[PDB]
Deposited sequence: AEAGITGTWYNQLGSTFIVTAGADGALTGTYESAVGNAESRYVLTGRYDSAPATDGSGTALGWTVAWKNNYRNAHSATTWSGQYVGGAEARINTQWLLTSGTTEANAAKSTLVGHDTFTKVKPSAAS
């Protein structure tokens, strides 16, 4: 269900595998390594499936000295989607610590818009 190729509202691509253990492994598209966890035994009451992951924005080509974490839930069904909020923290100095973290929201869908 979660396993697959996902797209956010800005055309970013999220390729993930949901492991049996609760593990999330994949790539965020340059391309970056992602890792996280998900609820591998969600409720049956129609509630969504809790999950999150992290990308540290360093690959072989660039380093932005930052990391984004996504926290959200997968809702399966006809138009499967993953609704997240995210926090993007940059490495800063102490004087600048106050403005190190951005907050936003992303919706992922299995159809590219």
property: Deposited positions lacking CA coordinates; result: 1-3, 33-39, 124-127
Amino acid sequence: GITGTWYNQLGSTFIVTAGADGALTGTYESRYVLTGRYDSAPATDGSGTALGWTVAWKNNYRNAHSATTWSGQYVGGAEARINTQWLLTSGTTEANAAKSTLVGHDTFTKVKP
From here on, numbers count along this sequence of modelled residues.
query	finding
Mean Cα B-factor comparison, 87-95 or 100-108, giving the higher one as deposited	87-95
Comparing 51-59 with 73-81, the one whose average Cα B-factor in the PDB entry is higher	73-81
Criterion, highest CA B-factor; candidates, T35, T44, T68, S30	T44
Cα B factor band for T25 (lowest, middle or highest third within the chain)	lowest
Record-listed C-alpha B factor of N8: chain third	highest
